[PDB]
>>> print(open('upload-v9.txt').read())   # compact mmCIF, C-alpha atoms and all ligand atoms
# COMPACT_ATOMS: atom_id res chain seq x y z
CA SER A 1 -19.77 218.13 118.63
CA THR A 2 -20.00 215.00 120.61
CA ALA A 3 -22.98 212.59 120.57
CA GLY A 4 -25.46 209.81 120.24
CA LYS A 5 -25.72 211.07 116.57
CA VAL A 6 -23.19 210.21 113.71
CA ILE A 7 -19.89 212.41 113.82
CA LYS A 8 -17.62 215.12 112.00
CA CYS A 9 -14.31 213.33 111.58
CA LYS A 10 -11.44 212.70 109.05
CA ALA A 11 -10.48 208.98 109.21
CA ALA A 12 -7.94 208.11 106.35
CA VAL A 13 -9.16 205.84 103.47
CA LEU A 14 -7.05 203.10 101.93
CA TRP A 15 -8.93 203.25 98.68
CA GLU A 16 -7.38 200.00 97.36
CA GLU A 17 -4.01 198.43 96.88
CA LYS A 18 -0.61 200.47 97.39
CA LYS A 19 -2.06 203.73 96.61
CA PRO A 20 -1.14 206.06 99.52
CA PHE A 21 -3.53 207.12 102.21
CA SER A 22 -6.62 209.07 101.44
CA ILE A 23 -6.92 211.43 104.41
CA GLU A 24 -10.59 211.82 103.79
CA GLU A 25 -13.60 212.83 105.83
CA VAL A 26 -16.06 210.39 107.13
CA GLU A 27 -19.14 209.54 108.79
CA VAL A 28 -19.04 207.19 111.67
CA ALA A 29 -22.35 206.15 113.28
CA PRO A 30 -22.93 206.41 117.02
CA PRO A 31 -22.24 203.03 118.78
CA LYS A 32 -24.87 200.42 118.07
CA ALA A 33 -25.88 197.89 120.75
CA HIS A 34 -23.03 196.47 122.78
CA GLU A 35 -20.35 198.64 120.98
CA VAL A 36 -18.20 201.65 122.08
CA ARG A 37 -17.17 204.76 120.12
CA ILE A 38 -13.63 205.91 120.93
CA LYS A 39 -11.97 209.24 120.09
CA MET A 40 -8.37 208.20 119.32
CA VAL A 41 -5.37 210.04 120.84
CA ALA A 42 -2.51 208.02 119.20
CA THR A 43 -1.60 205.16 116.86
CA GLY A 44 1.38 203.32 115.54
CA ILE A 45 2.41 202.16 112.16
CA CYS A 46 2.77 198.59 112.55
CA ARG A 47 3.80 196.81 109.49
CA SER A 48 0.91 194.52 109.73
CA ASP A 49 -0.87 197.39 108.19
CA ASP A 50 1.56 197.84 105.32
CA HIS A 51 0.54 194.38 104.32
CA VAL A 52 -2.94 195.63 103.37
CA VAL A 53 -1.60 198.69 101.67
CA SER A 54 0.04 195.83 99.70
CA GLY A 55 -1.90 192.77 98.53
CA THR A 56 0.17 190.78 101.05
CA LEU A 57 -2.51 190.72 103.81
CA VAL A 58 -5.89 189.90 102.16
CA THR A 59 -8.71 191.85 104.05
CA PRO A 60 -11.64 193.51 102.25
CA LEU A 61 -11.44 196.92 100.58
CA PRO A 62 -12.04 199.78 101.09
CA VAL A 63 -11.03 199.45 104.74
CA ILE A 64 -9.75 201.63 107.57
CA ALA A 65 -6.22 200.42 108.43
CA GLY A 66 -4.48 200.75 111.82
CA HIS A 67 -4.81 198.29 114.81
CA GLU A 68 -2.20 199.76 117.12
CA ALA A 69 -3.60 202.62 119.13
CA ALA A 70 -4.68 204.15 122.41
CA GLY A 71 -8.07 205.89 122.62
CA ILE A 72 -10.27 207.79 125.21
CA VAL A 73 -13.90 206.40 125.11
CA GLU A 74 -16.76 208.79 124.09
CA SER A 75 -20.17 206.94 123.79
CA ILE A 76 -21.30 203.42 124.87
CA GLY A 77 -24.27 201.30 123.76
CA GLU A 78 -26.67 199.80 126.14
CA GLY A 79 -25.22 196.41 127.27
CA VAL A 80 -21.85 197.82 128.18
CA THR A 81 -20.84 196.85 131.70
CA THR A 82 -17.05 197.00 130.98
CA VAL A 83 -16.19 200.68 129.98
CA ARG A 84 -17.75 204.19 130.59
CA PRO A 85 -16.71 207.57 129.06
CA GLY A 86 -13.62 209.65 129.57
CA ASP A 87 -12.13 206.19 130.23
CA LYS A 88 -8.77 205.39 128.42
CA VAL A 89 -8.65 202.39 126.13
CA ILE A 90 -6.59 200.06 123.87
CA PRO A 91 -8.86 198.76 120.99
CA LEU A 92 -8.03 194.95 120.82
CA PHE A 93 -6.99 193.37 117.51
CA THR A 94 -7.58 190.02 119.27
CA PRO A 95 -11.03 189.47 120.82
CA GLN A 96 -11.71 188.14 124.44
CA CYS A 97 -15.24 186.91 124.16
CA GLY A 98 -14.61 185.35 127.49
CA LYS A 99 -15.76 181.93 126.22
CA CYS A 100 -15.28 179.62 122.99
CA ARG A 101 -12.93 176.63 123.23
CA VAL A 102 -9.83 178.96 123.00
CA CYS A 103 -11.18 181.57 125.37
CA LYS A 104 -12.03 179.24 128.06
CA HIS A 105 -8.68 177.27 127.40
CA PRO A 106 -5.52 177.86 129.40
CA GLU A 107 -3.40 178.74 126.21
CA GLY A 108 -5.85 180.16 123.72
CA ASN A 109 -5.88 183.88 123.03
CA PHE A 110 -6.70 183.62 119.29
CA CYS A 111 -10.41 184.04 120.16
CA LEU A 112 -12.55 182.05 117.68
CA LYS A 113 -13.97 185.51 117.04
CA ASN A 114 -11.38 187.45 115.07
CA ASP A 115 -10.93 188.62 111.53
CA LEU A 116 -7.36 187.34 111.03
CA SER A 117 -8.63 183.87 110.20
CA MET A 118 -10.94 185.18 107.45
CA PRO A 119 -11.06 188.88 107.04
CA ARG A 120 -14.70 189.91 106.61
CA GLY A 121 -14.20 193.67 107.00
CA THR A 122 -17.31 194.05 109.06
CA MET A 123 -18.04 194.37 112.81
CA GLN A 124 -19.41 191.45 114.91
CA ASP A 125 -22.98 191.90 113.49
CA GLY A 126 -21.76 191.73 109.91
CA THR A 127 -22.25 195.51 109.50
CA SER A 128 -20.02 198.57 109.24
CA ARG A 129 -20.23 201.77 111.23
CA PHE A 130 -18.24 203.89 108.63
CA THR A 131 -19.58 205.75 105.49
CA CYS A 132 -17.32 207.43 102.89
CA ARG A 133 -19.49 210.22 103.24
CA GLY A 134 -21.49 208.08 100.68
CA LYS A 135 -19.92 204.50 100.49
CA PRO A 136 -19.56 201.97 103.34
CA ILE A 137 -15.85 201.62 104.16
CA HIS A 138 -15.08 198.13 105.72
CA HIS A 139 -13.42 197.42 109.09
CA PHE A 140 -10.01 196.07 110.01
CA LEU A 141 -9.63 193.29 112.50
CA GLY A 142 -12.10 195.17 114.71
CA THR A 143 -10.09 198.29 115.37
CA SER A 144 -9.74 200.64 112.25
CA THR A 145 -7.48 202.65 114.43
CA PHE A 146 -6.54 204.97 111.58
CA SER A 147 -9.56 207.33 111.95
CA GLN A 148 -10.00 210.04 114.61
CA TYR A 149 -13.10 208.17 115.89
CA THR A 150 -13.89 204.44 115.71
CA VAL A 151 -16.48 201.86 116.77
CA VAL A 152 -15.17 198.58 118.20
CA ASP A 153 -17.33 195.93 119.98
CA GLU A 154 -16.70 195.17 123.68
CA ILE A 155 -15.00 191.70 123.31
CA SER A 156 -12.56 193.81 121.17
CA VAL A 157 -11.84 196.66 123.77
CA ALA A 158 -9.65 196.96 126.93
CA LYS A 159 -9.69 199.56 129.71
CA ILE A 160 -6.17 200.79 130.51
CA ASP A 161 -4.94 202.98 133.41
CA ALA A 162 -6.63 206.35 133.97
CA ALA A 163 -3.35 208.38 133.78
CA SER A 164 -1.80 206.21 131.09
CA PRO A 165 0.21 208.49 128.73
CA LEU A 166 -2.11 207.57 125.79
CA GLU A 167 0.87 208.43 123.70
CA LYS A 168 3.11 205.53 124.86
CA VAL A 169 0.49 203.00 125.90
CA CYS A 170 -0.43 202.56 122.16
CA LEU A 171 2.49 200.20 121.70
CA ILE A 172 1.14 197.73 124.28
CA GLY A 173 -1.05 196.87 121.32
CA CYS A 174 1.23 195.05 118.81
CA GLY A 175 4.75 196.21 118.57
CA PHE A 176 5.56 195.65 122.26
CA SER A 177 3.37 192.90 123.85
CA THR A 178 4.06 190.72 120.83
CA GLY A 179 7.84 190.97 121.09
CA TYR A 180 8.00 191.09 124.93
CA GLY A 181 5.21 188.55 125.30
CA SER A 182 6.89 185.83 123.21
CA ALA A 183 9.66 186.00 125.60
CA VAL A 184 7.04 185.90 128.47
CA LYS A 185 3.91 183.78 128.15
CA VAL A 186 5.04 181.61 125.26
CA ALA A 187 8.64 180.45 125.35
CA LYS A 188 8.07 180.26 129.13
CA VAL A 189 11.65 181.57 129.46
CA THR A 190 13.58 180.55 132.58
CA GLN A 191 15.93 182.29 135.05
CA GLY A 192 19.46 181.30 133.95
CA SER A 193 19.18 180.60 130.21
CA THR A 194 20.78 181.74 126.99
CA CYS A 195 18.28 183.35 124.73
CA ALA A 196 18.94 184.31 121.06
CA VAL A 197 17.08 187.16 119.24
CA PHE A 198 16.76 187.23 115.49
CA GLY A 199 15.65 190.70 114.47
CA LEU A 200 16.68 193.82 116.33
CA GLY A 201 13.81 196.24 115.67
CA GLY A 202 10.51 197.24 117.31
CA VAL A 203 9.32 193.69 118.10
CA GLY A 204 12.70 191.99 118.91
CA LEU A 205 13.86 194.65 121.51
CA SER A 206 10.38 194.18 123.00
CA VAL A 207 11.37 190.43 122.94
CA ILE A 208 14.89 190.83 124.31
CA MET A 209 12.80 193.04 126.55
CA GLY A 210 10.79 190.22 128.16
CA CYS A 211 13.56 187.59 128.57
CA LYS A 212 15.28 189.75 131.09
CA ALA A 213 11.80 189.87 132.38
CA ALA A 214 11.39 186.17 132.28
CA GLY A 215 14.44 185.48 134.27
CA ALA A 216 17.82 186.29 132.90
CA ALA A 217 21.37 185.95 132.18
CA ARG A 218 22.50 185.60 128.58
CA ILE A 219 20.52 187.42 125.85
CA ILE A 220 22.59 187.36 122.67
CA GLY A 221 20.78 189.43 120.01
CA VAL A 222 21.84 188.90 116.42
CA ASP A 223 21.16 191.73 113.90
CA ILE A 224 23.30 192.15 110.72
CA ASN A 225 22.75 195.83 111.55
CA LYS A 226 25.62 197.59 113.10
CA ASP A 227 23.10 200.17 114.39
CA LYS A 228 20.30 198.27 116.01
CA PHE A 229 22.86 197.18 118.71
CA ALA A 230 23.11 200.31 120.98
CA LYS A 231 19.39 200.36 121.64
CA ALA A 232 19.85 196.59 121.71
CA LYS A 233 22.18 196.41 124.60
CA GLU A 234 20.22 199.46 125.73
CA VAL A 235 17.14 197.53 126.67
CA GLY A 236 18.52 194.32 128.21
CA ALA A 237 20.80 192.87 125.57
CA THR A 238 23.68 191.00 127.20
CA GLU A 239 25.60 190.91 123.95
CA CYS A 240 25.57 191.49 120.17
CA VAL A 241 26.44 189.34 117.16
CA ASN A 242 26.07 190.45 113.42
CA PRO A 243 25.99 187.43 111.01
CA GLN A 244 28.13 189.41 108.59
CA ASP A 245 31.19 189.36 110.85
CA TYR A 246 32.14 185.68 110.66
CA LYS A 247 33.00 183.23 107.88
CA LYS A 248 30.71 180.37 109.19
CA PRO A 249 27.01 179.56 109.45
CA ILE A 250 25.68 181.84 112.25
CA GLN A 251 23.69 178.80 113.15
CA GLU A 252 27.12 177.68 114.30
CA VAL A 253 28.85 180.75 115.71
CA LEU A 254 25.90 180.59 118.15
CA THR A 255 26.06 176.92 119.11
CA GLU A 256 29.59 177.82 120.10
CA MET A 257 28.78 180.74 122.45
CA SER A 258 26.06 178.82 124.26
CA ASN A 259 28.17 175.68 124.25
CA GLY A 260 25.70 173.77 122.11
CA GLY A 261 23.20 176.52 121.78
CA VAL A 262 20.95 179.16 123.27
CA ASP A 263 18.13 177.68 125.24
CA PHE A 264 15.46 179.74 123.69
CA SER A 265 15.67 181.74 120.42
CA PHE A 266 13.30 183.93 118.38
CA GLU A 267 12.98 185.09 114.74
CA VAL A 268 11.34 188.66 114.93
CA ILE A 269 12.50 189.15 111.36
CA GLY A 270 9.79 187.14 109.65
CA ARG A 271 12.37 185.79 107.01
CA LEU A 272 11.61 182.32 105.56
CA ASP A 273 15.33 181.67 106.00
CA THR A 274 15.93 183.03 109.54
CA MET A 275 12.97 180.90 110.57
CA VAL A 276 14.59 177.58 109.74
CA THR A 277 17.87 179.21 110.87
CA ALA A 278 16.88 179.42 114.53
CA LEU A 279 15.02 176.20 115.08
CA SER A 280 18.58 175.22 114.33
CA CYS A 281 20.69 177.31 116.77
CA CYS A 282 18.94 176.09 119.90
CA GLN A 283 19.74 172.88 121.94
CA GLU A 284 18.46 169.70 120.17
CA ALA A 285 17.60 167.85 123.31
CA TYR A 286 15.36 170.29 124.90
CA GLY A 287 15.80 173.76 123.13
CA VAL A 288 12.68 175.85 122.23
CA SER A 289 12.09 178.32 119.35
CA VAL A 290 9.08 180.54 118.64
CA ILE A 291 8.16 182.13 115.29
CA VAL A 292 7.06 185.76 116.07
CA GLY A 293 6.37 187.48 112.76
CA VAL A 294 5.32 186.03 109.48
CA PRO A 295 4.75 187.80 106.15
CA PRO A 296 1.33 186.97 104.85
CA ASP A 297 3.06 186.92 101.53
CA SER A 298 4.90 183.64 101.68
CA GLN A 299 6.21 180.31 100.57
CA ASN A 300 6.39 177.68 103.40
CA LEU A 301 10.07 177.23 104.22
CA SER A 302 12.42 174.38 103.42
CA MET A 303 13.09 172.19 106.35
CA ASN A 304 14.62 169.30 108.00
CA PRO A 305 12.38 167.05 109.91
CA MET A 306 15.50 166.08 111.70
CA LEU A 307 15.64 169.39 113.73
CA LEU A 308 12.45 168.48 115.57
CA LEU A 309 13.31 164.78 116.36
CA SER A 310 16.35 165.26 118.59
CA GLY A 311 13.46 166.55 120.70
CA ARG A 312 13.25 170.39 120.25
CA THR A 313 10.09 172.62 120.28
CA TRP A 314 8.81 174.97 117.50
CA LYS A 315 5.99 177.17 118.89
CA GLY A 316 4.35 180.38 117.55
CA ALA A 317 2.06 183.13 118.86
CA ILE A 318 -0.26 185.99 117.95
CA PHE A 319 -0.34 188.87 120.47
CA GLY A 320 2.43 187.72 122.89
CA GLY A 321 0.47 184.52 123.62
CA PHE A 322 -1.46 186.72 126.10
CA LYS A 323 -5.27 186.53 126.67
CA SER A 324 -5.97 190.33 126.06
CA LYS A 325 -8.98 191.90 127.79
CA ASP A 326 -7.52 190.32 130.93
CA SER A 327 -3.96 191.50 130.03
CA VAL A 328 -3.37 194.75 128.18
CA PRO A 329 -4.25 196.24 131.57
CA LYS A 330 -2.01 194.14 133.88
CA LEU A 331 0.54 195.20 131.33
CA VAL A 332 0.10 199.01 131.50
CA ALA A 333 0.34 199.15 135.11
CA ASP A 334 3.63 197.25 134.95
CA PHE A 335 4.55 200.22 132.76
CA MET A 336 2.88 202.45 135.33
CA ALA A 337 4.39 200.35 138.11
CA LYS A 338 7.74 201.15 136.43
CA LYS A 339 8.84 197.59 135.47
CA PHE A 340 9.61 198.17 131.79
CA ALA A 341 9.95 201.46 129.85
CA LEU A 342 8.73 202.30 126.33
CA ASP A 343 10.83 204.99 124.73
CA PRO A 344 13.76 203.28 122.88
CA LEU A 345 10.92 201.73 120.77
CA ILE A 346 9.45 205.21 120.13
CA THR A 347 11.65 206.61 117.45
CA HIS A 348 9.06 208.97 115.77
CA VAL A 349 6.20 211.29 116.93
CA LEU A 350 3.93 212.75 114.36
CA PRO A 351 0.87 214.82 113.55
CA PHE A 352 -1.32 211.96 112.31
CA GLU A 353 -1.88 213.58 108.99
CA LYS A 354 1.48 212.71 107.61
CA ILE A 355 0.21 209.12 107.80
CA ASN A 356 2.15 208.75 104.54
CA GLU A 357 5.61 210.34 105.34
CA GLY A 358 4.62 208.22 108.29
CA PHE A 359 4.33 204.89 106.33
CA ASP A 360 7.51 206.07 104.65
CA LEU A 361 10.11 205.89 107.47
CA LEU A 362 8.42 202.50 107.91
CA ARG A 363 9.23 201.25 104.33
CA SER A 364 12.63 202.77 103.67
CA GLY A 365 13.91 201.43 106.99
CA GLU A 366 14.87 204.40 109.13
CA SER A 367 12.63 204.04 112.22
CA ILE A 368 11.84 201.54 114.88
CA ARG A 369 8.36 202.53 115.81
CA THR A 370 6.40 205.64 115.25
CA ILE A 371 3.46 207.24 116.89
CA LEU A 372 1.03 209.08 114.61
CA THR A 373 -0.36 211.58 117.12
CA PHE A 374 -4.00 212.59 116.97
ZN ZN B 401 0.57 194.87 114.27
ZN ZN B 402 -13.16 183.62 122.45
>>> encode(input="upload-v9.txt", output="structure tokens")
Amino acid sequence: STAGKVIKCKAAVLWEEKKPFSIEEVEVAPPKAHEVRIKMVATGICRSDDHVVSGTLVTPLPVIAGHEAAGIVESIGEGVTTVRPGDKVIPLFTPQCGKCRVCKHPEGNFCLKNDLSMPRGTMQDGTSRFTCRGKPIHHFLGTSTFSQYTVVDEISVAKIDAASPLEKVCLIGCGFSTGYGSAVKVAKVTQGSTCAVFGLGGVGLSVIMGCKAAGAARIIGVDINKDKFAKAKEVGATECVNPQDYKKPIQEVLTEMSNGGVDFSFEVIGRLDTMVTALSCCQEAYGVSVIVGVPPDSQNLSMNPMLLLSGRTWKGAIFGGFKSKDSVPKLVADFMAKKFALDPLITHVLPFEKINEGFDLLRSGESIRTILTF
């Protein structure tokens, strides 16, 4: 089977709060008006995900998790100009409604049309295309990438590159154009600079990964993890510090190295400490620091007004600060084009079904990124 009539399929239900994954069987309707059913091929275990499995990210339950994947279209409502079958795709966790103050503004990618602001679990009509054979499961962001078939609107879906290794191009979804993009469309990084990177996993190497893009020269990468450095220097890292080495604030052993501090820095750790700790190790005249990741489960952070006044910039961005329908694609190509490769992020490739020994290697450290193959 294939269709214009509900489908077979075994999506995985997240039956409520840090209870593993129910690798159930479900019933997805055919794509309503203006929507697009996609037959997945691959997905990643982003942590953003973990946060629902955990109370941390509030979003309605039951819900199909996953937002980081690469599909192959398979049905398309009436109204859809933008995609057509057999077409490869990247579901988009950030809309692209091509018009709302942010969509029509030159730095506005958080489309006034997402679920992040207030998770509703639905679909843009306030309705959900998924039954638990008997109960309506809710949606996630607008992807619910964790099923073998999903229904995403059109504002939330991007056509990648016809011979795009659907395997690899999944990453271009969170992990990698979030890291890499901070470095590139946000902290407008400059040729020359000294760039610091706080966190040496999946998103930071993607971030260390776009500096070098941005322009160049010095990309220190701090990780108190003697292991994350190979890979580190492996993807563009000019050097590697471990805050454990030294008997002084790292905020200091950095200001040294740059001679008053790295030009640009980035916390891809999401720690409430390391966040104040890098507004800090940047030049106070003109230095700029962007907050990448941020646990939904958090206290503010303690902080000195005084780090902003010397004249320094604190930014932040969702989805590498990139406007997405218009970008996932430029971005593949560049992968296609050669520009940047994706493997050192890919530490694990698995039969989708071990979603949970999957979400394991995630929790007990061990792996950078991992592709749950469908
Ligand atoms: Zn994510
Ligand atoms: Zn918009």
>>> residues_near_ligand(input="upload-v9.txt", ligand="ligand ZN 401 (chain B)", cutoff="6 Å", atoms="all atoms listed in the file", output="list in words")
residues 46, 48 and 174 of chain A
>>> residues_near_ligand(input="upload-v9.txt", ligand="ligand ZN 402 (chain B)", cutoff="6 Å", atoms="only C-alpha atoms and all ligand atoms", output="ChimeraX atom specification")
/A:96-100,102-103,111-113
>>> residues_around(input="upload-v9.txt", residues="segment 350-366 of chain A", least_positions_apart="6", cutoff="8 Å", atoms="only C-alpha atoms", output="PDB file with C-alpha atoms, in the coordinates of the input")
ATOM      1  CA  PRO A  20      -1.140 206.060  99.520  1.00  0.00           C
ATOM      2  CA  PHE A  21      -3.530 207.120 102.210  1.00  0.00           C
ATOM      3  CA  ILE A  23      -6.920 211.430 104.410  1.00  0.00           C
ATOM      4  CA  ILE A  45       2.410 202.160 112.160  1.00  0.00           C
ATOM      5  CA  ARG A  47       3.800 196.810 109.490  1.00  0.00           C
ATOM      6  CA  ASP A  50       1.560 197.840 105.320  1.00  0.00           C
ATOM      7  CA  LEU A 372       1.030 209.080 114.610  1.00  0.00           C
ATOM      8  CA  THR A 373      -0.360 211.580 117.120  1.00  0.00           C
ATOM      9  CA  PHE A 374      -4.000 212.590 116.970  1.00  0.00           C
TER      10      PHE A 374
END
>>> atom_distance(input="upload-v9.txt", atom1="atom CA of residue 213 of chain A", atom2="atom CA of residue 231 of chain A")
16.8 Å
>>> closest_atom_pairs(input="upload-v9.txt", of="segment 111-169 of chain A", to="segment 305-323 of chain A", cutoff="12 Å", atoms="only C-alpha atoms", output="JSON lines")
{"residue": "A:111", "atom": "CA", "partner": "A:323", "partner_atom": "CA", "distance": 8.7}
{"residue": "A:114", "atom": "CA", "partner": "A:318", "partner_atom": "CA", "distance": 11.6}
{"residue": "A:116", "atom": "CA", "partner": "A:318", "partner_atom": "CA", "distance": 10.0}
{"residue": "A:117", "atom": "CA", "partner": "A:318", "partner_atom": "CA", "distance": 11.6}
{"residue": "A:155", "atom": "CA", "partner": "A:323", "partner_atom": "CA", "distance": 11.5}
{"residue": "A:156", "atom": "CA", "partner": "A:323", "partner_atom": "CA", "distance": 11.7}
{"residue": "A:158", "atom": "CA", "partner": "A:323", "partner_atom": "CA", "distance": 11.3}
>>> residues_around(input="upload-v9.txt", residues="residue 63 of chain A", least_positions_apart="2", cutoff="8 Å", atoms="only C-alpha atoms", output="PDB file with C-alpha atoms, in the frame of the given file")
ATOM      1  CA  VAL A  13      -9.160 205.840 103.470  1.00  0.00           C
ATOM      2  CA  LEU A  14      -7.050 203.100 101.930  1.00  0.00           C
ATOM      3  CA  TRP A  15      -8.930 203.250  98.680  1.00  0.00           C
ATOM      4  CA  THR A  59      -8.710 191.850 104.050  1.00  0.00           C
ATOM      5  CA  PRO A  60     -11.640 193.510 102.250  1.00  0.00           C
ATOM      6  CA  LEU A  61     -11.440 196.920 100.580  1.00  0.00           C
ATOM      7  CA  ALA A  65      -6.220 200.420 108.430  1.00  0.00           C
ATOM      8  CA  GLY A 121     -14.200 193.670 107.000  1.00  0.00           C
ATOM      9  CA  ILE A 137     -15.850 201.620 104.160  1.00  0.00           C
ATOM     10  CA  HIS A 138     -15.080 198.130 105.720  1.00  0.00           C
ATOM     11  CA  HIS A 139     -13.420 197.420 109.090  1.00  0.00           C
ATOM     12  CA  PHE A 140     -10.010 196.070 110.010  1.00  0.00           C
ATOM     13  CA  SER A 144      -9.740 200.640 112.250  1.00  0.00           C
TER      14      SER A 144
END
>>> atom_distance(input="upload-v9.txt", atom1="atom CA of residue 331 of chain A", atom2="atom CA of residue 179 of chain A")
13.3 Å
>>> atom_distance(input="upload-v9.txt", atom1="atom CA of residue 8 of chain A", atom2="atom CA of residue 24 of chain A")
11.3 Å
>>> build_atoms(input="upload-v9.txt", residues="segment 96-109 of chain A", atoms="N, CA, C and O atoms", output="short mmCIF file (atom, residue, chain, number, x, y, z; two decimals), in the frame of the given file")
data_model
loop_
_atom_site.label_atom_id
_atom_site.label_comp_id
_atom_site.auth_asym_id
_atom_site.auth_seq_id
_atom_site.Cartn_x
_atom_site.Cartn_y
_atom_site.Cartn_z
N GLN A 96 -11.86 188.39 122.77
CA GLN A 96 -11.71 188.14 124.44
C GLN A 96 -13.16 187.95 124.83
O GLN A 96 -13.65 188.52 125.81
N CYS A 97 -13.81 187.15 124.01
CA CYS A 97 -15.24 186.91 124.16
C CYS A 97 -15.52 186.09 125.40
O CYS A 97 -16.60 185.53 125.57
N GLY A 98 -14.53 186.04 126.22
CA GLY A 98 -14.61 185.35 127.49
C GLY A 98 -15.22 183.96 127.38
O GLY A 98 -15.72 183.49 128.44
N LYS A 99 -15.26 183.27 126.28
CA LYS A 99 -15.76 181.93 126.22
C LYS A 99 -16.03 181.45 124.69
O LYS A 99 -16.85 182.05 123.98
N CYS A 100 -15.32 180.37 124.31
CA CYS A 100 -15.28 179.62 122.99
C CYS A 100 -14.14 178.64 123.27
O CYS A 100 -13.23 178.92 124.04
N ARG A 101 -14.06 177.46 122.75
CA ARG A 101 -12.93 176.63 123.23
C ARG A 101 -11.72 177.50 123.50
O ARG A 101 -11.49 177.62 124.76
N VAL A 102 -11.00 178.17 122.62
CA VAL A 102 -9.83 178.96 123.00
C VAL A 102 -9.89 179.99 124.11
O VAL A 102 -8.86 180.33 124.71
N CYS A 103 -11.04 180.49 124.39
CA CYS A 103 -11.18 181.57 125.37
C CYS A 103 -11.31 181.05 126.76
O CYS A 103 -10.87 181.68 127.73
N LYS A 104 -11.93 179.94 126.83
CA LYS A 104 -12.03 179.24 128.06
C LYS A 104 -10.76 178.29 128.11
O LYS A 104 -10.73 177.76 129.24
N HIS A 105 -9.86 178.19 127.15
CA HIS A 105 -8.68 177.27 127.40
C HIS A 105 -7.43 177.96 127.90
O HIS A 105 -7.06 179.08 127.55
N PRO A 106 -6.70 177.27 128.79
CA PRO A 106 -5.52 177.86 129.40
C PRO A 106 -4.48 178.32 128.45
O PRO A 106 -3.57 179.01 129.04
N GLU A 107 -4.39 178.16 127.18
CA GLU A 107 -3.40 178.74 126.21
C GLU A 107 -4.35 178.75 124.92
O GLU A 107 -4.52 177.70 124.26
N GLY A 108 -4.88 179.93 124.81
CA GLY A 108 -5.85 180.16 123.72
C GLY A 108 -6.12 181.67 123.95
O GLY A 108 -6.68 181.91 125.01
N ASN A 109 -5.66 182.44 123.02
CA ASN A 109 -5.88 183.88 123.03
C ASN A 109 -6.46 184.19 121.62
O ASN A 109 -7.22 185.15 121.45
#
